[PDB]
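Participant: Residue numbers (the numbering used here): 1114 to 1224. We put the beta carbon where it would ideally sit given N, CA and C, even for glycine. Okay, here's the structure, questions in a sec.
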RNA sequence: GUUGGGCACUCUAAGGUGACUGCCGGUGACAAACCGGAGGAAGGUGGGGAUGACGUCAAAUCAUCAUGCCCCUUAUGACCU
């Protein structure tokens, strides 16, 4: 649900998200990255602007540069990013056919 | 510590070493960089003080001092209370 702002700064009508009724995204594919004490995953859907925090026990074997599926445990809240767990490792992002395989996982196509 | 007690530690202060993106992940010209690893007291210009250029104000000082020419020169010298 979106509240309608009285003033628009442009041609189109502006609005603010007041409430979330239904959550669409529950899985996110991306590229895993390893920091010192925690992971992240950079989402292939760039419409997800924020990097998904992976806690160290959610890594499940994912190395640097591996395309990974990630299940959302939490959503973003304030300035905190979304956290998750690596559900699947696809492989490395430079391996032939992982590009397409990443698509197959992004939509949730049958294996 | 008061005393014997080597003197360990601490302190004192001479002489050294120590940080360099050096090394390791990513990233990116395969480089630089950047992001984050470690190690270390210290992390990415260690932190402070010291040491700049050519400037102009005929800026200020003859009550720092000195000073060419003036003036005072039994006083514009000097001494006391």
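#1: Since residue 1199 and residue 1173 should fall inside the 8 Å C-beta cutoff, what is the C-beta to C-beta distance between them, to a whole number of angstroms?
#2: Taking the alpha carbon of residue 1186 as the point to measure from, which residue in 1179, 1180, 1194 has its own alpha carbon closest?
#3: Buried or exposed: which applies to residue 1160, given that a residue is buried once 16 or more other Cβ atoms fall within 10 Å of its Cβ?
#4: Hey, could you find the ends of the beta strand (DSSP E) residue 1202 is sitting in?
#5: Express the C-alpha separation of residue 1204 and residue 1146 in angstroms, rounding to a whole number.
#6: Pull up the distance between the alpha-carbon of residue 1211 and that of residue 1148, whole angstroms please.
#7: On the CB-based measure, 16 or more other CB atoms within 10 Å of its CB, does residue 1124 come out buried or exposed?
#8: So the alpha helix (DSSP H) residue 1219 belongs to, where does it begin and stop?
#9: Output the distance between the C-alpha atoms of residue 1115 and residue 1154, rounded to the nearest integer angstrom.
Facilitator: On the basis of the supplied data:
#1: Going by Cβ atoms, the distance from residue 1199 to residue 1173 rounds to 4 Å, so yes, they are a contact pair.
#2: The option with the nearest alpha carbon to residue 1186 is 1194.
#3: So residue 1160 ends up on the exposed side.
#4: Counting along the chain, the beta strand (DSSP E) containing residue 1202 begins and ends at 1197-1205.
#5: Straight-line Cα distance between these residues: approximately 13 Å.
#6: Rounded to the nearest angstrom, the two C-alpha atoms are 23 Å apart.
#7: Result: exposed.
#8: Here the alpha helix (DSSP H) through residue 1219 covers 1211-1220.
#9: Cα-Cα distance, rounded: 29 Å.
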